[PDB]
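>>> Structural data only, the sequence is not supplied:
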RNA sequence: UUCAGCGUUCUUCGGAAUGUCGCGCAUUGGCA
């Protein structure tokens, strides 16, 4: 039983809008603020969004059982990797995807050029009936942002580690094509998992060939 | 589950204005600036703008049901291609059009020609009861610049992928005949499409025919 | 608690008194567009103020607030209605005391007062 | 931005004070019409503001923190144009000498910084807007 | 474009900003920085400053260049470009044509759309009009604005004008036949109500005597500037009363002081060819 | 006749988000 870290980075290729809540909108300010970790007041990519997007894309690639009403009905590879909660037959998740924080490198390259971390994109909604717009402000994340994604893989069945990492590779390739966060259908969310560093944090497992 | 990636060229036929607020303007300078990628500080055709314009043009082309007070109720082909949100009938979005960034080719062409990628256009409103004019300055994108537009289509219903890509091509032609962005009824927003390559990045679908 | 009292209740009552009905006309004919432009400038400075975490206003935001005062004067010169609104709500005087205090809190209550002015101006229409 | 004589600083409130100082009611034929800078109107002011506007746009588009040589020659042409316009009309001459703009362009040339040129543009904004306000 | 047409770009350049060869009869439009650095290198910058201080009113660049006797090829290196000129008087003023970022000559489609909207009135989303095709700069020649109010007079306003479009409609809202008929009707109204007043004035008699108006002058539009108050805006007499009232309200000096209604409100171009010309008139053609 | 331009406006008016989900399940409980 070993624990392997996949710490790397995420290069946003367009705006990234992972919305939030709990703050009332000052009149004329951002209507849909981006989620920020309150202590640093920086936009972040919650690990829940990453894990959900990876799981959804991988399930679509592998195939969904027709009439699937719950997440626990996915293919056994998906349940083995991302976790399942059935009645009595519960499978632990070997993937633990943490919140990806704003990188210090991107923070420095944005402090240079005097560039704000987020971009208040200005949008509208032309109705189909009266053809009247409706202003909206969305707090996207700028293109230069890099996020320190941190994933832990737990090796439980040593025989399935290779196939599980092939699944992870397929899912991250699907994510390189698919977006992260909301509004991805309208230009947001594009990313690329360019930077990686995989090694065995705990145990004796071989992490050189992964 | 294959993702087919469209990459192509949007070359500005005329000046392109796509407004964006939140910028302090000097007296007598550009009152309504164009949208900018904050990082590159260059004009950009947002993916939202392209997607909204294409959906509007396509839905006008096939037809609009009377009393259409919402975007969810529409021609079902548009719902399949671009998405839907109707209660109990959510349809996933098969087209994810992203931001069109300023190409290095046209940027270097302008750099060698000693041209700025934007231009300040002088206009005025002539109230005709008193023949009194009120001037204004609109930013436009210099003609000849080029953007690289990058769409991704998820192949969910294999049977109708040919019809869906035909609809995409028809929408692209509709965007050809019309403008994009600000007031094009007065001469802005003309664009041109050059389809660079269509391929299947992830999966085993055949992209030779498309 | 800016100056003299100046609060959100002051905003509501001043919009009430300056409201006159013939159609509804406020501050001798101030359209909502001019107020929205002023609030847009307020938002532009307020976003930068909010993003910074330190409690003391920087030099950049202080210069932007002086610019905001100059823009207020320009808008008053452009239209008499905006001038009467600015004089009846004393917004530029609040800008001055915000500059004098050099505290983020005073700017935040100033922005709250401006937003209250906008909200009550729209509500009474 | 810079400094004038008698220890007075250059700022936007200084522009307000300058425009107020050169304001005379000067009633004529029983009508109260405001004159600024001894006969200066707003058309000359808008012409000068447009002259500033061109260089401001050129410097605002560029990302360089140091003033380019092209913008330096823009500013030299601005100095020449200011001298020519001040020579043309006495009112513009009094305006230019009272607001010390012709020295300010020299200061921004010596500083060789985009931020300083932006501050000078803001000062000229204060001048024109405050002249519009007091009128 | 039967008459010289100038669409301003918001930049007005003085006499000292550009060179004017009277004998060669051509205007060298020059940029500022190139001339300034040339004079700094050659030591002519201080001479230019002393020239400006010596004569405040008239500071023609060409006369200064002749006084310093600088090389003509040294003139060409700082000159942005050259244009053929037409004067009735060195030139006083100059209005530049509209140039996009690339720098080609073009008339914006917004001007055409606004003119069409004004003439047709008497919404407008269906008529989508785009910019006209690029034109080579050689057609850009400098003309003069001349006021004809019972007597011709040259004016200091010199203007860069063109030497003498893709559009889509929706069938229900607009029709080509209807819009062209309305254009013709508006032109006929302009001729009947206001042009006759200028025909009757002696300055108008001189204008027609020299063949200033085109013989043909169908579809005629007032695209650019300098056309007049009859355009850019009713019974004939009531219309004249409204124009006189608005002019009294706005222009206190020329119209406010004089109380009597003029013969025609408002009371009011030379080219090297003997034919006279008028500013702003254009002939259009529409093809489906 | 000569010379010279001059003033006027510098953006305006609206739209400032909307609709929907508002935790669900499993165990604890109730029944048996």
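On my side now, so go ahead. Numbering: from 1, shown residues only, chains lettered A, B, ... in the order given.

>>> tally of neighbours for residue C:107?
Residue C:107: 24 surrounding residues under other CB atoms under 10 Å in any protein chain shown. Yep, even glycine has a C-beta here, placed from its N, CA and C like the rest.

>>> ok, and the closest non-adjacent residue to it?
Nearest non-adjacent residue to residue C:107, counting by CB to CB, 6 or more residues apart in numbering or on different chains: residue C:98, 5.2 Å away.

>>> how much space between the one you found and residue E:17?
When CB to CB, to the nearest Å is the yardstick, residue C:98 and residue E:17 sit 44 Å from each other.

>>> Looking at the two now, which is surrounded by more residues?
With neighbours defined as other CB under 10 Å, residue C:98 and residue E:17 compare such that residue C:98 has more, 25 against 21.

>>> Give me the distance between the two termini of stretch E:56-76.
When the termini of stretch E:56-76 are compared using CA to CA, to the nearest Å, they are 26 Å apart.

>>> Check stretch E:256-271 too.
Between the opening and closing residues of stretch E:256-271 there is a gap of 34 Å (CA to CA).

>>> now check that stretch, is it near chain B?
No - judged by CB under 8 Å from any CB of the partner chain, stretch E:256-271 makes no contact with chain B; its nearest approach is 10.1 Å.

>>> check contacts around the residue nearest to residue E:30 when sequence neighbours are not counted.
Closest residue to residue E:30 apart from its sequence neighbours, by CB to CB, 6+ apart: residue E:79 at 4.8 Å. With CB atoms under 8 Å, 6 or more residues apart in numbering or on different chains as the criterion, the residues that contact residue E:79 are E:19, E:28, E:29, E:30.

>>> List only buried entries from these.
Of all the contacts of residue E:79 considered here, the ones buried according to neighbour count by 16 or more other CB atoms under 10 Å in any protein chain shown are E:19, E:28, E:29, E:30.

>>> Show me where chain C has its helices.
Counting by DSSP state H, chain C has these helices, from start to end: C:8-18, C:32-51, C:59-78, C:80-89, C:91-101, C:104-123.

>>> So which of these is nearest residue B:44?
Distance to residue B:44, taken as CB to CB, is lowest for helix C:32-51 among the helices of chain C, at 20.2 Å.

>>> residues of that closest one that come out buried?
Taking 16+ other CB under 10 Å as the basis for neighbour counts, the residues of helix C:32-51 that come out buried are C:34-35, C:38-39, C:41-47, C:49-50.

>>> Same list (the residues you listed) but as JSON lines, adding distance to chain E.
Rendered in JSON lines, the data for those read as follows (distance: CB to the nearest CB, whole Å):
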{"residue": "C:34", "distance to chain E": "24"}
{"residue": "C:35", "distance to chain E": "27"}
{"residue": "C:38", "distance to chain E": "26"}
{"residue": "C:39", "distance to chain E": "29"}
{"residue": "C:41", "distance to chain E": "24"}
{"residue": "C:42", "distance to chain E": "30"}
{"residue": "C:43", "distance to chain E": "29"}
{"residue": "C:44", "distance to chain E": "26"}
{"residue": "C:45", "distance to chain E": "29"}
{"residue": "C:46", "distance to chain E": "33"}
{"residue": "C:47", "distance to chain E": "30"}
{"residue": "C:49", "distance to chain E": "35"}
{"residue": "C:50", "distance to chain E": "36"}
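
>>> so which of those residues also contact chain A?
Filtering these for proximity to chain A by CB under 8 Å from any CB leaves C:39, C:42, C:43, C:46, C:47.

>>> how close does the first one sit to residue B:111?
When CB to CB is applied, the distance between residue C:39 and residue B:111 equals 39 Å.

>>> Which residue of chain E lies farthest from its centroid?
Going by CA atoms, centre = their mean, the residue of chain E most distant from its centre is residue E:43, 37.6 Å out.

>>> same deal with chain C?
Chain C, farthest from centre, CA atoms, centre = their mean: residue C:22 at 26.0 Å.

>>> I figured residue E:116 hits residue E:223, correct?
No - at 9.7 Å, residue E:116 does not count as touching residue E:223 under the criterion of CB atoms under 8 Å.

>>> Check the ones next to chain A among the buried residues of helix C:32-51 and tell me the two furthest apart.
If you compare every pair in these using CB to CB, the most distant one turns out to be C:39 and C:47, at 12.4 Å.

>>> circling back: now do the same contact list for the residue nearest to residue C:107.
Applying CB under 8 Å, 6+ apart as the definition, the contact partners of residue C:98 turn out to be C:2, C:65, C:106, C:107, C:110.

>>> Assess the claim that the third one and residue C:95 are in contact.
No - taking CB under 8 Å as the contact criterion, residue C:106 and residue C:95 are not neighbours in contact, 10.2 Å apart.

>>> show me the contacts for residue 2.
All of this is about chain A. Going by CB under 8 Å, 6+ apart, residue A:2 touches A:154, A:155, A:200, A:202, A:203, A:204, A:205.

>>> Oops, wrong one, chain E.
Applying CB under 8 Å, 6+ apart, we find residue E:2 in contact with E:164, E:214, E:216, E:217, E:220, E:281, E:282, E:283.

>>> ok, now which ones touch the fourth one?
Read that as residue E:217. Taking CB under 8 Å, 6+ apart, we find residue E:217 in contact with E:2, E:281, E:283.

>>> what kind of secondary structure is it in?
Following DSSP: H, G, I helix; E, B strand; the rest coil, the label given to residue E:217 is coil.

>>> any idea how far the residue farthest from the centre of chain E is from residue B:2?
Relative to residue B:2, residue E:43 is positioned 73 Å away (criterion: CB to CB).

>>> next one: residue E:287
With distances defined as CB to CB, the gap from residue E:287 to residue B:2 amounts to 46 Å.

>>> So what does the closest residue to chain B within chain A look like in phi/psi?
For chain A, the residue closest to chain B is residue A:187, as judged by CB to the nearest CB, at 2.2 Å. In this entry, residue A:187 is assigned phi and psi values of phi 100, psi -20 (degrees, to the nearest 10).

>>> all helices of chain A, in order?
Along chain A, the stretches classed as helices by DSSP H are A:47-62, A:76-82, A:104-111, A:161-177.

>>> If you count contacts, what does the third one end up packed against?
With contacts defined as 3 or more CB pairs under 8 Å, 6 or more residues apart in numbering or on different chains; DSSP states H and E, the packing partners of helix A:104-111 are strand A:146-148.

>>> ok, residue C:81 - contacts?
Contacts of residue C:81 (CB under 8 Å, 6+ apart): C:27, C:28, C:29, C:30, C:31, C:34.

>>> which bits of chain E sit near chain B?
Those residues of chain E that sit near chain B, judged by CB under 8 Å from any CB, are E:8-10, E:98, E:100-103, E:108-110, E:112-114, E:118, E:121, E:124-125, E:127-131, E:168, E:229, E:232-233, E:246, E:249-250.
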